[PDB]
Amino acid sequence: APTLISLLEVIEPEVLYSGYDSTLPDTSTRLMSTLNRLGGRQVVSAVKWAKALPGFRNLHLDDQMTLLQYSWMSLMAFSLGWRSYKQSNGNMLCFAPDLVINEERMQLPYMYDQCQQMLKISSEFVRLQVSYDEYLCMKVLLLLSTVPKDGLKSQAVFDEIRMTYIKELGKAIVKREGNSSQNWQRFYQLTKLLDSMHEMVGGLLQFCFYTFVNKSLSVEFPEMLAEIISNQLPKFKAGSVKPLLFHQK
């Protein structure tokens, strides 16, 4: 009998290549535009993943769009943290197999601070020694952890899906452990990490919003990312969105 976790493993997309061009000397604008082109393709991959995620299709189409538009940066930064953890133990930002940022390219304008923020996310995977299955369940919960303050169209369906994957995270914890000496402590630590992701990616999202709206900086965005940000941005800046937290603020 197939398990939900076994299905999360098989639907996880393969990692994308950048195609970045060595030949041009690096500039902050060129690098950020290259990263946004990669991000747009990773978001397309994430939409295909969400369509395959058991239960997601049960949601009203408008809620499917809301959840992807609200959570895309959390999904992308979490997966970047995982790749950087597995490929470098959190020492380098492993955007793609052909695009690694190490401390010496972080020195371009605007790159250092955002790169430190991305590395902190990877540093949490190292600190907690997160297992693949724990990561996969947590990543689903990120898709389900930012919602409109005034609710979703299919709220009861959403509540069912979210509780289902909360229990799946518990199952992933029990599989990681040899027995149960610290299953609650582990669940506490991982839900504290999920809660912290809202703040840990907030600076990335605000910088994304600035580079999107400030045409002066000449940072390019691909079409589907631009459409998503143009919808997400007014809702976030107006304070009409809320995180679903496990623990008291």
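Residue positions are given as counts along the sequence shown, with the first one as 1. Take the two forms, superpose them, and find the largest set of C-alpha atoms that agree within 1.5 Å; that set is the rigid core.
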query	finding
Greater root mean square CA deviation, 142-150 compared with 100-108 in 6 other deposited structures of this protein, core aligned	100-108
Greater root mean square CA deviation, 11-19 compared with 230-238 in 6 other deposited structures of this protein, core aligned	230-238
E177 unmodelled in at least a third of other compared entries	yes
Higher-scoring stretch by recorded Cα B factor average, 217-225 or 47-55	217-225
Mean C-alpha B-factor comparison - 85-93 and 172-180, higher one	172-180
Highest-ranked of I101, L144, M76, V130 once sorted by CA temperature factor in the record	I101
Candidate set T164, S71, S154, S123 [ranked by C-alpha B-factor, highest]	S154
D26 - which third its CA temperature factor falls in, relative to the rest of the chain	highest
Ranked against its chain, the third holding the CA B-factor of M138	lowest
Modelled-residue ranking by C-alpha temperature factor, third containing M111	highest
For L8, the third of its chain into which the C-alpha B factor falls	lowest
